[PDB]
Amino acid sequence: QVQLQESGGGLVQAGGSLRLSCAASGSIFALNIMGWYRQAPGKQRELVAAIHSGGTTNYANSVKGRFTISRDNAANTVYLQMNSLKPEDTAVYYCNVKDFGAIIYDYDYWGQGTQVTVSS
């Protein structure tokens, strides 16, 4: 079975930085997208950042220039280096893996989530 293990979140001061990290264990197809989504309280889940296996990336506008997504060249692990945090960034952050192994459709894996609270 595939499992996503999230770490690196918690409490932090405004202007500070966190480094999220999601280690995917199990069989994942070499072509995939690892990403981070987030759900602020009483809002809808939005994309934060995503990185394709090839190397290309995609960021939401709210976090452009501040956050940076990268991934481990060896294993299936994806990092989100969050700098210059604001109180608006406070949310439950979810790891996500879109697997392309069936070719015609994509299969999704979601992590349980990890809290990130940014105080003023």
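In case it trips you up, residue 1 is the first one in the sequence shown, and so on.
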Averaging CA B factors per stretch from the PDB record, which one is higher: 35-43 or 90-98? 35-43
Return whichever of 61-69 and 46-54 has the greater mean Cα B factor according to the PDB record. 61-69
With respect to the C-alpha temperature factors reported in the PDB entry, which of 82, 78, 75, 30 ranks highest? 75
Going by the entry, which third of its chain does the Cα temperature factor of residue 17 land in? middle
